[PDB]
C-alpha cells in the first residue's frame, strides 16, 4: 500500500493518483498528458478549487530516476494541499486563487528500472539506434541551448542529450502541455536531489536572466524560510555558477518561454547518503521544502 513516509513503486504511486483524486474531487482532477517510451501513463494532477480561468503554477518531480526524494515530495505536497485547505489561511487562498499543476513522476520508465534492476539509473529507458546503450537524460533534452554544453552526444553516457530537442516522448509531453497552457502558467518548479540548492536560469550559459535581481532575492528568501523549520542550509543562484553549466534543462526552457519565475530545487542531502536518502528523512525534507514552495507561491500570487 501507499505511505507518505516511504518510497512507493510506480504501481503504488499510480493507484495513489487515482485514490487521492477519487477522495478529493473538489480539489483534484487527474489527466494523462502522454505515455512514456514503455507505455506508462504520465499523470498530471490539477490541485486547486475549480473555477473559471485561474492562473497556475507548474511543478514536476521524478525527472531523474534515482532521485527518489523528488517523487516523494510531489506526493507529500498533494496531501498537504488537500488536508489543510479550509484550515490553513495561506493554502486556502492559494487553492482558491490558482491551480498547481503537479506531475508526480515524469521519467516513469526509469523510476521503475530503479526499483527492479538498478537503483542508480538516471536516464529514460528508450532505445538508441545503432547501439545497445539505453536512455536519454531528460534534463538535457529541452530546447534551451540544446546540447551546447554540459551534455554528451553519446547514447552510452549519463548526460546524453538525445537525437534532438524533445526526442523523448516524456519531454515532448511536458513541453507540449506547458506550451498549450502558457498563458496561465506563472511559475515553473522542477524538483531534484541532492545538494540542498535552489537554482534559477541560466544553466546553458553564463549570461544572467533579465530579472536576475528579483530571482536572487526570491531564492534567498525561500532558502531562509526553509531553514526556519529544522535548520537545513540551502545555497542558491544561477545554474551555471551555482553547480555547473548544463544545457537543455527544463527550467531554462520554461523561462525562455516567458515563465518569469523558474526554479530547480535540489533537496537533501549534501552527499552523506546522496540519492539513497533514508526514508527516515522523507518527512523532514518534505516539510521544510513545503515552506519554500509556499513562500514562492505567496510571492508569485502577489506579483501576478
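Numbering follows the first chain given and starts at 1.
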**Item:** Entry-level comparison of average CA B-factors, 39-47 and 255-263, reporting the higher stretch
**Value:** 255-263
**Request:** Take the C-alpha B-factors listed in the entry for 69-77 and for 159-167, compute each mean, and give the stretch with the larger one.
**Result:** 159-167
**Asked** In the PDB entry, which of 272, 268, 30, 64 has its C-alpha at the highest B-factor?
**Response** 272
**Asked** In this PDB entry, which of 154, 143, 137, 109 has the top CA B-factor?
**Response** 143
**Message:** Which third, lowest, middle or highest, does the C-alpha temperature factor of residue 220 belong to within its own chain?
**Reply:** highest
**Prompt:** With respect to C-alpha B-factor, does residue 19 fall in the lowest, middle or highest third of the chain as deposited?
**Reply:** middle
**Prompt:** Ranked by Cα temperature factor within the chain, is residue 6 in the lowest third, the middle third or the highest third?
**Reply:** lowest
**Among modelled residues of the same chain, the CA temperature factor third for residue 34** = lowest
**Request:** For residue 193, return the chain-relative third of its C-alpha B-factor as stated in the PDB record: lowest, middle or highest.
**Result:** lowest
